[PDB]
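Trainee: this one's a deposited entry, sequence included:
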Amino acid sequence: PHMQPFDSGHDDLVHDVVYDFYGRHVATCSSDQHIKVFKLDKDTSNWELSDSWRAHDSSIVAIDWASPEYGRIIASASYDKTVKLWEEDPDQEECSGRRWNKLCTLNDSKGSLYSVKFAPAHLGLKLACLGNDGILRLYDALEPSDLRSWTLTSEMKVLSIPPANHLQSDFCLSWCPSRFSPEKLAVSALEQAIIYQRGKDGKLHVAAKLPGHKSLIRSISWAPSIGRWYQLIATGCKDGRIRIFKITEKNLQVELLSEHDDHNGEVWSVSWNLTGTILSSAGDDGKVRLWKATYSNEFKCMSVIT
Amino acid sequence: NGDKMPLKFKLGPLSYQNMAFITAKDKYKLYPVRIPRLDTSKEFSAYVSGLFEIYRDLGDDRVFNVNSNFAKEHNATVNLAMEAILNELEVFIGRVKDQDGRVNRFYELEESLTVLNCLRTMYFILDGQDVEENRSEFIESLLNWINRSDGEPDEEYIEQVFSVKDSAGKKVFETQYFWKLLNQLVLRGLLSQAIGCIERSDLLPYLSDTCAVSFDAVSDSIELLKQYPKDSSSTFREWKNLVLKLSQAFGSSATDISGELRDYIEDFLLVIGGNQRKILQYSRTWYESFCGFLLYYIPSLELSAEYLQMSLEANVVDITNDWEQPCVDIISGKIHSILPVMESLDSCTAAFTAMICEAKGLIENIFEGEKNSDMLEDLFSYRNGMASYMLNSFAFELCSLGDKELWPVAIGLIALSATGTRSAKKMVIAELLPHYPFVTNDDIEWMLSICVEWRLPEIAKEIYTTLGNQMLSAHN
Amino acid sequence: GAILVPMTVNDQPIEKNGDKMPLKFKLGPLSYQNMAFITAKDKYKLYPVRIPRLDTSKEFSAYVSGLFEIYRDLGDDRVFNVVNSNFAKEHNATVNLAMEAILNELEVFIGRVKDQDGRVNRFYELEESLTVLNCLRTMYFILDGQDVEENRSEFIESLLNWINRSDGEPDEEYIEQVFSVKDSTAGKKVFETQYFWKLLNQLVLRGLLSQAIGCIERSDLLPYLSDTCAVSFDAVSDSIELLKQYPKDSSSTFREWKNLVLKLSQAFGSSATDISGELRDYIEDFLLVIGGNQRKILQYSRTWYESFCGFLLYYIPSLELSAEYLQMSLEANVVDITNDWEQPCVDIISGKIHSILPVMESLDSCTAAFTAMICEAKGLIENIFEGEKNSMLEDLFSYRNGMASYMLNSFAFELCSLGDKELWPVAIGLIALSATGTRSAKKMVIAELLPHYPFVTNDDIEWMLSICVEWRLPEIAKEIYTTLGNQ
């Protein structure tokens, strides 16, 4: 059952679409340097533009919503080397172009930015970003009252020497959602994919790598480990394979659970369920595949949308 | 069509609202996609609630303890719950046929029911005993299972042969087609119809005239059919008697009929007497054979193993439909392997099916993996049962459905899970609850009551923090 | 589906499609002595025919006696009650031992058969029968419903044994097959052939670690590696070290073993690639298989049972997953209908034990009989049949009682036509101990069989009589006597 598609309202290509916490809102960002937010009308089950606005001087590539317990906040990353934060002002008409106020700007990056992800709420307003400079940066809104008070918490050189050629480069972030697991996050930078963990010293250290990728990692996402003791992160590589890694900490162990080339071409998007019960993958073949785990913990394709 | 384009897809917090899009020039549409074969209907949630009630009501009995009445009384209630489950599913299938028609979902739900009828007939009636223990109930369930699995003989085929289509001067019943369809009816216990197809053409006609001898056979045979025993395994013992007497008398007697009509009547009498060779001959599918064997040969489940084997040598399992194989598995003892297939037809039915099979004690947690242990939260693994696993998955699946009516079912299912630490469950609820789609005040009070009941302090604290911004400033 | 025996291969009577001749056959009082003949002109030869696949050997009767001893010795334990706390534990104790005894008696038998004739059709069938039995013990007569942790040593031992006795491969006739040193491709190193690796993984998948190590120390352990890439030399080396200490007693040591293995595969996973593009992966896969990658364990498996075995050895050693293991294994490689043991094993593993009996009964009636017997003792199969409104119907030899009772009683009857007076006690004992059937029903059966006892000695006669006494058939003793005078 397909539903009535709709126009985003963007002129240039759209890079990311993201859901709010409740799944009733979506934020869109494209190259036309705009961020659009759609609302899912209760009555007429249709998606309808809540507000659109110009937000960056260059192409906006990444986007993300903060936990509802900190307000209505969106974050954006652009090729203009910045990350901007916005907060919805309910006292403005929708579509007015002025429904979301910039709360701040992060200019520390000296290279374009490809990704930005808020951290799990149980760690406060925190976030990460990664760009050409090959330097992952974490920021913290130390005082949850001042949603402008964004301090820089950490800086790590993912690539020792960022190659810097033919912008044939890719980077991705994904925090470990787990509430009852030590703070950590995954990062992909080209062929490599590495995991960081908070130490007793309050600093990030590299705790492992997800080996096997023979090309560019287009996407990666940590799955919600509700119920499980272990962690699972999936990656969609350019070599045309979905990979699912089981990470156990007894400090971290790394198993490869599955590999799937069903896409025959690059896997662009890899996404998870809210319960981490279903995993999605999309690619060149112009198809989306949904995967469930077997009783043996292998992964099986439960359906193919096209 | 073949343009290699970067397709991106993101699963949403709501099963029925995901999104696909493309990072390419002149591709700026957003495609909301809902997860393939998802049930959003009200009929379905009613079904879910209904099944959760039975699960909850089973109390301590949803578990099986590996005082002489506790055994007998346990089956009593479990066997009833099985009936309840079956009922809830029939109702569901009903409301589905009225609402959407014979769609893909209707077919799958019936298949799911067929496999369940078969399961009940074999393990939730005799409790390990034989048909003599309760001939009435058993044969009823059997005869029901068989005549709900497939449609044939569909009345659209009854007229198919009574077409009155005369093309080498047919005598209306001297045709092989007529008989096969008569035996078929008998093999399926469809005696009423069986009799009718006879009183249709040459009961009194060709016979009362041509051969007065064979008129008596074909007549008092129809008489025996009219009184096939379904309550006393004694009456059957004597029934098969008169039938075998009849076939012997006729066997060697006055042949005042056609060479073919001669045999076509012996075979009819052989089938009713239980000749194994014959019951297989006039069977179109393995389950017609299996059913016949039990009805006319020997009504004992001690022979099902053999019955099934002979039946399958005659007609292989038809891979067209998903229910046949699971039934073959049920009958042949390996119950556990019907779950994967049923899970495909409907996750819900499969979940509770697995549940009641554990209650009966037909499947159990064989697992034992540590002598050194104490965090290994596994509420969702192979560590516990295959049933526990399926129930817990269903719970998680319900959480993305966004129907606040079922959230209690979801949480209840997790909370009652007969396996897993009170602390392991605490954590799972701690992560799920925040996603509850509350709107009312009563809804919020429910969330809280669950935070209380489980002591999820730091969680009731965020529910309220979202509330300090959606409750202290929303209900204004 | 039947055996089309050659009556008298050298001189057959029926040849022409011509006059379909009247062939007549009469089964004799002795299994090994029947007779065929023809009622036609110029056909006056008599053809003594013995029943197809009959065992007259001494080795066989020894086997039968041996099995009867175990059956008799099982005492009350040959039955299963659907001392209080322990009767359960102690029951399995003895039954599980008897299972071992049965297996033993059959190995011995197979032994004495290989020496006697060597590799006759009978040898093949008896091994098949043993394979199915190894598999059966490994799955129900060791853990007693528990998981591998309950007793990792015994289990893995039985499993590894079952697997490496089912089929011959990898037969050393194939080991040299690839170590031919044939360099028909510019620089075909001693392993750069997928052939080498498949046979290395195969060895690992079958627990054949000793051999596995050897095939490595055969070509490029120190060679191509200690030289070319010093990094991968360390992987391939301390990997061989882990193989050397694969845990077989502590499910703890294994938990930690799989640890070091997964650490190793990760370290190597992302590191110094100073080797060929192919040799690179061929080593990851070797390490993946040892770590338990499901995807890989299926890839380098030639038969479903190699997969099944691997899963338990390297992935997760829990029978709670056998259902899944079996399914994945069979999706990879279907059941091979060439041999009669594979399917029965699939049935065993998958819970339906009862359906191995018909097949085993074809390999050897005897083994099948006692197999069914011990399965009833364990309580793996039971008499589901039932009676009437408390009311003759004393047909011992039927489906009324168990499937086991049935098979044992048939075997008894079959023994009676064998004419070996040594086994007659077995035959009568089998009937007498039958856990089902009226004392009177049995009395009648013995009353009809006994007269056929091939007595010769005085001791033989005294035995017949002692049985007439024990069962109260004095009139029958006065009858065998009436044959003495007029003999």
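Mentor: Looks like it came in fine. Numbers count the residues shown, from 1 in each chain, chains lettered A, B, ... in the order given.
Trainee: residue of the stretch 51-200 of chain A closest to chain B, please.
Mentor: residue A:69 (4.5 Å; CB to the nearest CB). All C-beta atoms are positioned from the backbone trio N, CA, C, and that covers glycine.
Trainee: host element of the nearest residue to that residue once chain neighbours are set aside?
Mentor: Distance criterion CB to CB, 6 or more residues apart in numbering or on different chains; nearest residue to residue A:69, sequence neighbours excluded, is residue B:465 at 4.5 Å. If you go by DSSP states H and E, residue B:465 is part of helix B:457-470.
Trainee: show me where chain B has strands.
Mentor: For chain B, strands defined by DSSP state E occupy the ranges B:7-14, B:17-22, B:29-31.
Trainee: looking at the ones you listed, which is closest to chain C?
Mentor: Of the strands of chain B, the one closest to chain C (CB to the nearest CB) turns out to be strand B:7-14, at 23.4 Å.
Trainee: pretty sure residue B:394 contacts residue B:349?
Mentor: No. Using CB atoms under 8 Å, residue B:394 is not in contact with residue B:349, being 9.9 Å away.
Trainee: just give the number of residues close to residue A:277.
Mentor: By other CB atoms under 10 Å in any protein chain shown, the residues close to residue A:277 number 20.
Trainee: does the lengthiest helix in chain B reach chain A?
Mentor: Taking DSSP state H as the criterion, chain B has its longest helix at helix B:69-100. No. Applying CB under 8 Å from any CB of the partner chain, one finds helix B:69-100 out of contact with chain A, separated by at least 11.8 Å.
Trainee: same for that helix, what does it pack against?
Mentor: The helices and strands touching helix B:69-100, judged by 3 or more CB pairs under 8 Å, 6 or more residues apart in numbering or on different chains; DSSP states H and E, are helix B:42-57, helix B:104-123, helix B:347-360.
Trainee: got the angle between it and helix B:347-360?
Mentor: 170 degrees (axes from the mean of the first three to the mean of the last three CA atoms, to 10 degrees).
Trainee: helix B:69-100 vs helix B:104-123, what angle?
Mentor: Going by the same axes, to 10 degrees, helix B:69-100 makes 160 degrees with helix B:104-123.
Trainee: show me which residues of helix B:69-100 are buried.
Mentor: Neighbour-count burial for helix B:69-100 flags B:74-75, B:77-79, B:81-82, B:84-86, B:88-90, B:92-93, B:95-96 (criterion: 16 or more other CB atoms under 10 Å in any protein chain shown).
Trainee: roughly how far out does stretch A:277-286 sit from the chain middle?
Mentor: Distance, stretch centre to chain centre, for stretch A:277-286: 15 Å (CA atoms, centre = their mean, to the nearest Å).
Trainee: CA atoms only for it - export them in PDB, please.
Mentor: The C-alpha coordinates for stretch A:277-286 follow below in PDB (Å, rounded to 0.1, in the frame of the first residue of the first chain):
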ATOM      1  CA  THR A 277      13.200  -4.500  15.700                       C
ATOM      2  CA  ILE A 278      13.300  -3.700  11.900                       C
ATOM      3  CA  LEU A 279      16.200  -2.500   9.800                       C
ATOM      4  CA  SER A 280      15.900  -0.700   6.500                       C
ATOM      5  CA  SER A 281      18.200  -0.400   3.500                       C
ATOM      6  CA  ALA A 282      17.800   1.500   0.200                       C
ATOM      7  CA  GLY A 283      20.100   1.700  -2.800                       C
ATOM      8  CA  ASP A 284      20.800   2.000  -6.500                       C
ATOM      9  CA  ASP A 285      18.300  -0.800  -7.400                       C
ATOM     10  CA  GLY A 286      15.700   1.800  -6.400                       C
END
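Trainee: run the chain-centre distance for the longest helix of chain B.
Mentor: Averaged C-alpha coordinates place helix B:69-100 at 11 Å from its chain's average position (CA atoms, centre = their mean).
Trainee: what's the answer for stretch B:432-447, then?
Mentor: On CA atoms, centre = their mean, the centre of stretch B:432-447 falls 35 Å from that of its chain.
Trainee: end to end, how far does that stretch reach?
Mentor: Stretch B:432-447 has an end-to-end distance of 11 Å (criterion: CA to CA, to the nearest Å).
Trainee: contact partners of that stretch?
Mentor: A:22, A:226, A:274-275, B:13, B:396, B:399, B:402-404, B:407-408, B:410-411, B:414, B:450-451, B:456, B:459-460, B:462-463, B:467, B:471, B:475 (CB atoms under 8 Å, 6 or more residues apart in numbering or on different chains).
Trainee: list the buried residues of that stretch.
Mentor: B:432-438, B:444, B:446-447.
Trainee: pull the contacting residues for residue A:254.
Mentor: By CB under 8 Å, 6+ apart, the contact set of residue A:254 is A:208-211, A:245-247, C:262, C:266, C:269.
Trainee: what's the closest of those to chain B?
Mentor: Distances from chain B to the contacts of residue A:254, taken by CB to the nearest CB, are shortest for residue A:246, at 11.9 Å.
Trainee: could you give the bridge partners of the closest one?
Mentor: Partner residues in beta bridges with residue A:246, using DSSP bridges, are residue A:232, residue A:255.
Trainee: that one: what's it in contact with?
Mentor: Contact analysis of residue A:246 by CB under 8 Å, 6+ apart lists A:230-232, A:254-257, A:297.
Trainee: for residue A:178, same thing?
Mentor: If you count contacts by CB under 8 Å, 6+ apart, residue A:178 has them with A:120, A:224-225, A:231.
Trainee: from those residues, which are also near chain B?
Mentor: residue A:224.
Trainee: among the contacts of residue A:178, which are in strands?
Mentor: Counted as lying in strands by DSSP E, out of the contacts of residue A:178, are residue A:231.
Trainee: wait, which of the contacts of residue A:178 is closest to chain C?
Mentor: Nearest member of the contacts of residue A:178 to chain C, counting by CB to the nearest CB, is residue A:231, at 14.3 Å.
Trainee: before we move on, back to that, want to throw the helices and strands packed on helix B:69-100 into TSV with distance to residue A:94 and mean neighbour count?
Mentor: Output for the helices and strands packed on helix B:69-100, formatted as TSV (distance: least, CB to CB, whole Å; neighbours: other CB atoms under 10 Å in any protein chain shown):
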stretch	distance to residue A:94	mean neighbour count
helix B:42-57	31	18
helix B:104-123	38	21
helix B:347-360	38	24
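Trainee: now tabulate those in TSV and tack on distance to chain C.
Mentor: Converted to TSV, the helices and strands packed on helix B:69-100 look like this (distance: least, CB to the nearest CB, whole Å):
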stretch	distance to chain C
helix B:42-57	23
helix B:104-123	11
helix B:347-360	13
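Trainee: which residues touch the closest residue to chain C within the stretch 151-300 of chain A?
Mentor: Closest to chain C within the stretch 151-300 of chain A is residue A:211: 2.8 Å, counting by CB to the nearest CB. By CB under 8 Å, 6+ apart, residue A:211 lies in contact with A:254, A:256, C:266, C:269-270.
Trainee: ok, residue A:273 next?
Mentor: Counting by CB under 8 Å, 6+ apart, residue A:273 touches A:223-224, A:279, B:11, B:400.
Trainee: for it, grab phi and psi.
Mentor: Reported as degrees, to the nearest 10, the phi and psi values for residue A:273 are phi -70, psi 180.
Trainee: any idea how far it is from residue B:435?
Mentor: According to CB to CB, to the nearest Å, residue A:273 stands 11 Å off from residue B:435.
Trainee: and if you look at residue B:95?
Mentor: 28 Å.
Trainee: and what of residue B:203?
Mentor: According to CB to CB, residue B:203 and residue B:435 sit 69 Å apart.
Trainee: and if you look at residue B:359?
Mentor: Residue B:359 is 30 Å from residue B:435, by CB to CB.
Trainee: got it, and residue A:306?
Mentor: On the measure of CB to CB, residue A:306 and residue B:435 end up 29 Å apart.
Trainee: also residue B:470?
Mentor: Noted for residue B:470: a distance of 14 Å to residue B:435, by CB to CB.
Trainee: so residue A:282: helix, strand or coil?
Mentor: Here residue A:282 is strand, with the state taken from DSSP: H, G, I helix; E, B strand; the rest coil.
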